[PDB]
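Written out below as structure tokens is the structure these notes cover.
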Amino acid sequence: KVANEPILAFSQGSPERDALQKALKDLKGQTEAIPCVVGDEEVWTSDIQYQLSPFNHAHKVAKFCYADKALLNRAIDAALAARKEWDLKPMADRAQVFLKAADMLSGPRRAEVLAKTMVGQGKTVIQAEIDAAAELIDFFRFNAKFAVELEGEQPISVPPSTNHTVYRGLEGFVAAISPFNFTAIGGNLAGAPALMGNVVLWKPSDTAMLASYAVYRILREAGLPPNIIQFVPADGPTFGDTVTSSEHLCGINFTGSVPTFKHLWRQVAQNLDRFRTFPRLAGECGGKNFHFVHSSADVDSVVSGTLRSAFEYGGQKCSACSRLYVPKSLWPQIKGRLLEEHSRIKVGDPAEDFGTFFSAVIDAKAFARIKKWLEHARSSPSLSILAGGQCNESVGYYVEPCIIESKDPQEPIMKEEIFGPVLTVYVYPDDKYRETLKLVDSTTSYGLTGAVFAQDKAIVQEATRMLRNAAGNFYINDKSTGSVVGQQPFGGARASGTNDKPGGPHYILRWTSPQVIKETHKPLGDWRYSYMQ
Amino acid sequence: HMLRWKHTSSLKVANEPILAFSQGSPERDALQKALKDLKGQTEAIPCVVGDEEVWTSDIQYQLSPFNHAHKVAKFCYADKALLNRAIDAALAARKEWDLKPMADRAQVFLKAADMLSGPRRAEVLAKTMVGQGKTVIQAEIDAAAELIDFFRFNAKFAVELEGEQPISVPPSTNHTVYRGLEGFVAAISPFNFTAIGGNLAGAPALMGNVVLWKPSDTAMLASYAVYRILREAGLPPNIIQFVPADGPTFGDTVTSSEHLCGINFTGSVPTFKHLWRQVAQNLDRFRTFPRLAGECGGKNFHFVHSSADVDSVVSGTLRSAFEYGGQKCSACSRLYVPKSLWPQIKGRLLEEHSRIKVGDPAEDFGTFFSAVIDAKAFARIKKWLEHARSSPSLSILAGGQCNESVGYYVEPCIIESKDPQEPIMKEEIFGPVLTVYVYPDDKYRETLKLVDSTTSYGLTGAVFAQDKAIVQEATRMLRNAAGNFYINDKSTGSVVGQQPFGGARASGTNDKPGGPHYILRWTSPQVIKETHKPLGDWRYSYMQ
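So, in structure tokens, the structure goes:
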């Protein structure tokens, strides 16, 4: 029996707000030296790297290093040697490690992981809370529940035989490759397979190293044995090349770009004759998510839900709204309100100013990519910047929220994932709402999240049918971000990935390869059959 | 609430009872009639796209394995044009089929299951016997029982899956929609089980997919029979396209389509790997990432401990190794026996061997097993028998002869190897060829390690022992050597809902058809959240 972790309010004078402020002060001016961890060994290579605070890049929040091919190969060997015993452990015993970790994250370690996510990844208080605390805690508690309950899914036994399913971990090691934008995803990508009796090489994101290592240490402290999860930061291509070259690879649990996932998929395919078994690839690959508005919509909900979806955490979510479809009849209201609220958004230091709505984007490369899109918006004949458009990387990687109108529903900016605070609006004629729904479905290569805002039941039913494959997480009168474990299992198809729905009950099935054992309790008869006589 | 979700139902099903076919029984008379109905007959089996029967110039024949002069079916290979037309038409039918309630789709399969159970039982058994060379009881466990069980149990699993729903908290309602995959699925089925073709095409269809089904050439007669029953049970046009084809041609075409969303495959490891590689080559062309499911071969073991019941070892091993001529991915091909029990076991095996009758399964119900499937299989097995004769490490204990003048007939053959790593202990033969290795009792632990490490496969295996500690030890040691592991029973004959079937290592992706989770591979869920109250401000209270 598990329920969702409460989201704290962080009111003035509250225990959690005081605790968080202390944790933030604990990180001010600090650099943690974070080693690779193989078993219990802390290992340093000469390939030194730094994680910078996105809103103050002079602050090196961590120094770490890239594992080389040799170190990665040692990590593989060490993990494989620990796998059999771990896999033989009762599911309940493995679950206990994650349940203990969840309690630590909920209580004594909450402030630490929130603060490290804020300072290291640039999240505001609430974005860190829903991620590093609530989502991570929920992943650990719900997956533990799902896994313990899965053992109860057993086949039919008929006398004189007894049948039993053993939920084996996969034979080999799993490579877990996590993204910068959610601390919780790292914990799940490495943790879910480990829960199911796998051993894991975890390559955490360079730009989330501080919080990722915090989670790692908590798992170890909660009782995770050595060599079950190896903590191995590495150059992306080097890590991919190394794990896909190992005969013992049995899975890749990936969250990141489509091209990188496709590359790994192709590397595994090139090497099929080397592997002991067919590796399982799981990929969560982003989107180009929509909010579609019908003329019956509640304007205030459209405005607030769209501002949040598009701009929270600087739009750096695979689920963020980046294309808004508005009927002509409502445009003067929605335009006016978006622009007015836009001027009230505070972009700044989220540790020093809790008034901040969102902060700097993650790193120099993200800043550069997003700037290219703002430059495009200034160039394109079909695009007009209505608000925002500024950026400044002198102190932090700061990009202002930007609202653009496109006259072309199929402009590249309507199609390509930017991962920045950049919202494009297309205004459609009221009487062409159906043709426009078709455009929502056909315009992009993605299928992740989408929302419809409408107060007309027939419209909602029609839109729901038409957009069936345009979004794997579909929202009626709510924003396209903020899936909650156990409530909105998350994922989509088309180019958005393999859709294994982490956050729901079936995800863990990807990380078990069941064995069925039949025991017969009476001696066998003759080999002949009666009809043969 | 603007979206209304209907309550979900449940379904009660049980395994299809195996019939006895005793003398004078209605089922025995019915089967004999159905067999006579096929004597001297050749069915012309077209490709079917929608409701159109299509012929191409690439005419092919299916032969009766025990009487290859008998062409049981004339069929044709779909060309690339027809395959692509089949894809287009399937795609145009998909949205409607996907939107149909799960319960309505399930009803087609429940109707088909009942037809197979009753009025069509004799037909599908007879066609499996005559076309694939099965004996009465092998046809019965396959074309009737397993296929019927697949249809009924998958229907239950699918209807009940819709009841697995997420938590809702005010002010919102959450619902999971179990969407079929967007695109088409290619189903590629093997000669050796009629039921497998039905499941490979049928399970994805049940889940709201559309399918191009390429049946096995050497099982065409029974396969088309199943296809027709599905259509008669109410399967709409263009949901399953019946498209026999050249294997490479079929794979090239389906892997070249932007709309491929899955391959459901049972067959050889190299072919599965090839398809996997073709999909990887075409990744940038697809609308979504295709899901590949592969059930491949085995090199399966029976391991005997000194505490084993000798008669159970002999009975279960003869059946596992030799039923259907050992042409099962699950068949025992390696037997490990302790020195202490070898005199008893060898004596019994050799005696019982001499009592095994090989012959025409239609004309003589006394037949234990019949001819192997085709000329290619016969040639391969012949080469292995020749290897047994020439290899210094091998000794033929019984059988060893073969004759293809009338049917593809091979004697059951028992070989002893002095080398536990001989090639014959490693490579899948798919013929009635059992190899025995005798180990010293005091080396049982080391030998268990060999059982685990000797082959590339991980499909089925059995341990015969009455010592509980030994059973526990072996169970732990062999955990990954068999996806279907048996204690004091034979390594073949998994039953739907009782022993979900499949294994890893080189044996495939292990999606466990026969169990409750298999259908999850053929759905891509969507979660809908409906919020029933206006949203608040975009700011949060803590920002004040």
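One line per chain: the protein sequences are A and B, in this order. So the number in the deposited numbering is just where the residue sits in the first sequence, counting from 1, plus 30. So the number in the deposited numbering is just where the residue sits in the second sequence, counting from 1, plus 19. C-beta: ideal position from N, C-alpha, C; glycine also.
- For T336 (chain B), the enclosing alpha helix (DSSP H) stretches over residues 329–341.
- Contact between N86 (chain A) and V425 (chain A) holds: their C-beta atoms lie close to 6 angstroms from each other, under 8 angstroms.
- Counting along the chain, the unbroken beta strand (DSSP E) around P357 (chain B) starts and ends at 351–357.
- The C-alpha of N173 (chain B) is placed about 16 angstroms away from the C-alpha of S136 (chain B).
- Listed in chain order, the beta strand (DSSP E) runs fully inside the stretch 56–97 of chain A are 66–68, 71–73, 78–83, 86–95, counting runs of at least 3 residues.
- Approximately 5 angstroms separates the beta-carbon atoms of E435 (chain A) and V455 (chain A); this is inside 8 angstroms, confirming the contact.
- When DSSP assignments are scanned along the stretch 165–207 of chain B, the uninterrupted stretches of alpha helix (DSSP H) that are 4 or more residues long and fall wholly within it turn out to be 166–180.
- Boundaries of the beta strand (DSSP E) harbouring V230 (chain A): 229–233, taken from the DSSP string.
- A:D48 is the residue among A:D48, A:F291, A:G418, A:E371 whose C-alpha sits nearest the C-alpha of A381 (chain A).
- When the five nearest sequence neighbours on each side are left out, the beta carbons in the same chain lying within less than 7 angstroms of the beta carbon of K437 (chain B) are those of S412, in order along the chain.
- Considering only B:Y80, B:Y505, B:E46, the residue with the shortest C-alpha distance to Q60 (chain B) is B:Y80.
- Here DSSP, grouped into helix, strand and coil, assigns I156 (chain B) to helix.
- The C-beta of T494 (chain A) comes closer than 8 angstroms to at least one C-beta of chain B.
- In this structure, the CA atom of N529 (chain B) is about 35 angstroms from the CA atom of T192 (chain B).
- The Cβ of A350 (chain A) sits no closer than 8 angstroms to any Cβ of chain B.
- The C-alpha of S510 (chain A) is placed about 29 angstroms away from the C-alpha of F128 (chain A).
- Nearest to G378 (chain B) by C-alpha distance, out of B:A407, B:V298, B:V429, B:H406, is B:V429.
- In this chain, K548 (chain B) is not harboured by any alpha helix (DSSP H); it is covered by the beta strand (DSSP E) spanning 542–550.
- Counting along the chain, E314 (chain A) sits inside the beta strand (DSSP E) bounded by residues 310–314.
- Within the stretch 166–195 of chain B, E183, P185, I186, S187, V188, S191, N193, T195 place their CB atoms closer than 8 angstroms to a CB of chain A, listed in sequence order.
- Under the 8 angstroms criterion on CB atoms, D328 (chain A) is classed as interfacial with respect to chain B.
- Listed in chain order, the positions of the stretch 535–549 of chain A with a beta carbon within less than 9 angstroms of a beta carbon of chain B are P535, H536, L539, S543, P544, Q545, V546, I547, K548, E549.
- With its beta carbon less than 8 angstroms from one in chain B, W557 (chain A) belongs to the interface.
- At a beta-carbon threshold of 7 angstroms, the residues of chain B lying near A523 (chain A) are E201, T307, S543, ordered along the chain.
- Beta-bridge annotation (DSSP): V455 (chain A) is paired with A:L354, A:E435.
- Within chain A, the C-beta atoms nearer than 8 angstroms to that of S41 (chain B) come from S560, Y561, in chain order.
- For chain B, none of the residues of the stretch 411–429 of chain A brings a beta carbon within less than 9 angstroms of one of its beta carbons.
- Exposure of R408 (chain B) is indicated by the presence of fewer than 16 other C-beta atoms within 10 angstroms of its C-beta.
- Three or more beta-carbon pairs separated by less than 8 angstroms are not found between the stretch 530–549 of chain A and the stretch 341–355 of chain B, which leaves the two stretches without contact.
- Chain order gives the chain B residues near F384 (chain A) as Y561, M562, where near means a beta carbon separation below 7 angstroms.
- For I489 (chain B), no CB of chain A lies under 8 angstroms from its own CB, so it is not counted at the interface with that chain.
- Annotation for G199 (chain B): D117, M226, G227, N228 place their beta carbon closer than 6 angstroms to its own, counting only its chain and skipping 5 residues before and after.
- Residues are counted here when their Cβ sits less than 9 angstroms from a Cβ of chain A; for the stretch 275–294 of chain B these are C280, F291, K292, given in chain order.
- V91 (chain A) places its beta carbon 8 angstroms or farther from that of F261 (chain A).
- In its chain, beyond the 5 residues on either side, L144, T147, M148 have a beta carbon closer than 7 angstroms to the beta carbon of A158 (chain B).
- Spanning the alpha carbons of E179 (chain A) and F170 (chain A) requires a straight line of approximately 14 angstroms.
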